[PDB]
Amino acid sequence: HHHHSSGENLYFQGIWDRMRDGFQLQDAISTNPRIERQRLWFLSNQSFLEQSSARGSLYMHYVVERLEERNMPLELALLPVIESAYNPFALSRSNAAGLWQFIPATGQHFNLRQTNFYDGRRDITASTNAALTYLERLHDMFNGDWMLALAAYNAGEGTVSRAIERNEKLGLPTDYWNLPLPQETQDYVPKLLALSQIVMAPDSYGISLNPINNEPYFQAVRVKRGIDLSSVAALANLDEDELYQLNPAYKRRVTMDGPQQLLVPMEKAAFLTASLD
């Protein structure tokens, strides 16, 4: 690994190059049929990544910065693509919510509060920090192995541990690829690896990625609880829809629960701070 400071990080031309700089899993990848299968899916469903990237442009700078600070694999900045298509309103059949697809119980473990009007799993900053912590902890639990960490993120640490124990007793290898996991978990890791290979060298697959500037999109500003999204949008001449996309924790755009804080476009943050005083 290497590190870059705040100063150096500014010099990347776009977010894709910045993300690629911190990839940590590429050298470990081999020719697996499981990876190829997932790579084919991305090529034959090209609108998927394009739509994910357009939505993700709101959030990717923040995610990348958090990953860099913790020296975690920047391939994880693509995990919300796989999990939610970078749609923080996505809700799975298991009730997994937000960019990072926390189920209620795991959300509660990380103190992501769920009321009738606020879901901290959808909250961009809270859910991101919780997801990275969970992934780091899982990685540490499986002796530094990011593949097993990812598998446990999807299937639970118990499932993965039991699969390891089961293979050990049979005298079989205990690496991710050899574990008899649920099919969703079997596909999970190769999906991320496949996607990361395309992001690393998109030309080689006949793909073009939407350029995304290497700049912050939003800034947090304090807002007291008696102020709705519409009023904030009016005050700073913001698009209310974009503001909702930046603050998806608030169900029906109701801001009565949760933190006294909104993410707002960087360019308006100073004015809003001053006007709310």
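Start at 1 and count along the sequence shown; that's the residue number.
In this entry, 137-145 shows the higher mean Cα temperature factor of the pair 137-145 and 122-130. Look at the mean CA B-factor for 59-67 and for 234-242 in the entry; the higher one is 234-242. By the numbers in the PDB entry, the CA B factor is greatest at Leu170 among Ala151, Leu91, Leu170, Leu79. For the set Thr106, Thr185, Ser161, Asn87, the PDB entry puts the maximum C-alpha B factor at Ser161. When the modelled residues of the chain are ordered by their C-alpha B factor, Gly226 lands in the highest third. For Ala54, the recorded CA B-factor ranks within the lowest third of the chain. Only modelled residues enter the ranking. In the deposited entry, the Cα temperature factor of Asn247 sits in the bottom third of values across the chain's modelled residues.
In this PDB entry, the Cα temperature factor of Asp175 sits in the top third of its chain's modelled residues, the highest group. When the modelled residues of the chain are ordered by C-alpha B-factor, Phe12 sits in the middle third.
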